[PDB]
Structures are given as C-alpha cells and as structure tokens.
Amino acid sequence: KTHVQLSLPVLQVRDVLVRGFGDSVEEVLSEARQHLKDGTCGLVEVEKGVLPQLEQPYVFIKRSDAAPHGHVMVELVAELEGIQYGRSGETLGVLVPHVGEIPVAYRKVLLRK
C-alpha cells in the first residue's frame, strides 16, 4: 500500500536514549522508514530547545494534506546544517528510534510509504 496507518509513541526529549537515525540524510531517511515499518519509531514534538538535544541529520514528519480515520497524512523530510531534503507541510515532530521509553501520548498518522 502507498500509505500505512501508524500510531507513533510521543517521547519526551530528555527520555530519548538514541537521539537520531544515523550520519547522512540518505541513512536517516532509510533507517526512519525501516523503524516505522518495524514499529520501533518514536516522535518528539518540536519546541524551543528540543532539536539541539537531538542528533543531526534530523528526520521530520510533515503534514502532506488536510485525515482519514483520525490519521493525519504525513511524509518524511530530513534536515542537515539548515538544508531540508523534501518539501512538505507543517512539522508534527522529529522521529527517533524507540527502544522502550514510556510515551506521553500517541500520534495517529497515515505515512506515505
């Protein structure tokens, strides 16, 4: 399917144990997509002071459209040293590996895969 319904655990930035997906734009987008497929991907809501506490390159989920079955349609955009790879809507958050951190909430998304 071109889209997959996912419920992403929302993590507090200070709980996150693995603060990025890798070392290149291509690797982080690759790893983000693999973790989303495997159910091992978390979401950190972006506020003042969050991104400097995570590792670049960043992978964002961004709104791709204006929400089937409560799932916001999203796509992946990576960022490295202020340049973004992809073009999309408003940021819903920054993706990170999930390795068992307790979430504060879930974000229902329809991921363009």
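Just above sits the structure.
Residues numbered from 1 in each chain as written, not as in the entry; some residues may be left out. Heavy atoms only, no water. Residues with missing side-chain atoms left out of burial classes, pairs and counts.

**What about the overall build of the protein chain?**
Inference 1: When helices and strands are tallied, the protein chain shows one helix and seven strands.
Inference 2: Here the C-alpha coordinates of the protein chain stretch approximately 35 × 30 × 25 Å along the principal axes. (Helix = DSSP H or I, 4+ residues; strand = E, 2+ residues; numbered from the N terminus.)

**Concerning the nonpolar core**
Inference 1: Formed by 21 residues in total, the largest nonpolar core has its most connected members in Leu8, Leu36, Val59, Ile61, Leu76 and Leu95.
Inference 2: Sorting the residues of this core by element identifies β1 (3–10), α1 (25–38), β2 (41–44), β3 (58–63), β4 (72–80), β6 (91–97) and β7 (105–112) as the ones contributing at least two each.
Inference 3: At five residues, the largest contribution of residues to this core is made by α1.
Inference 4: For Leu36, the residues in contact, after removing those within four places along its chain, are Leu6, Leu8, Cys41, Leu76, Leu95 and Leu111.
Inference 5: Listed in part, the 11 residues of the second largest apolar core include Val50, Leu54, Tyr58 and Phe60. (Core = buried A, V, L, I, M, F, W, Y, C linked by side-chain atoms within 4.5 Å. Buried < 20%, exposed > 50% of the residue type's maximum accessible area, 1.4 Å probe, protein only. Contact = heavy atoms within 4.5 Å.)

**Section: the pattern of salt bridges**
Inference 1: By the definition in use, this model includes one salt bridge.
Inference 2: Ionic pairing is found between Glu75 and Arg112, a salt bridge with its closest N-O pair at 3.1 Å. In this pair, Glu75 is assigned in strand β4 and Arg112 in strand β7, connecting sequence segments 37 residues apart.
Inference 3: Judged by its relative accessible area of 38%, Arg112 falls in the partly exposed class. (Salt bridge = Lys/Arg side-chain N within 4 Å of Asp/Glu carboxyl O.)

**What about the environment of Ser88?**
Inference 1: Position of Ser88 relative to the elements: it lies in the loop between β5 (83–85) and β6.
Inference 2: The spatial distance from the C-alpha of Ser88 to the C-alpha of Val74 is 8.4 Å, given a sequence separation of 14 residues.
Inference 3: Apart from the residues within four sequence positions on either side, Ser88 is in contact with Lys62, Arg63, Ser64, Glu75 and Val77.
Inference 4: A distance of 3.2 Å separates the side chain of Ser88 from the backbone oxygen of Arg63, its partner in a polar contact.
Inference 5: A polar atom in the side chain of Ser88 sits 2.6 Å from the side chain of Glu75. (Polar contact = N/O pair within 3.5 Å; in protein donor to acceptor, adjacent residues only side chain to side chain.)

**Comments concerning empty space enclosed by the protein**
Inference 1: In this structure, the largest cavity spans a volume of roughly 40 Å³.
Inference 2: Lining the largest cavity, in full, are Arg19, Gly20, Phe21, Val28, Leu54, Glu55, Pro57, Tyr58, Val59, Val94, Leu95 and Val96.
Inference 3: Broken down by secondary-structure element, the contributors of at least two residues to the lining of the largest cavity are β3 and β6.
Inference 4: Considering each element in turn, the lining of the largest cavity owes the most residues, three residues, to β6.
Inference 5: Its residues assigned to classes, the lining of the largest cavity comprises nine nonpolar, one polar and two charged. (1 Å grid on protein atoms, 1.4 Å probe; cavity = no way out; pocket = protein on both sides within 12 Å on 5 of 7 lines; lining within 4 Å. Points joined across faces, edges and corners; volume = space filled by probe spheres on them. Nonpolar A, V, L, I, M, F, W, Y, C, P; charged D, E, K, R; others polar.)

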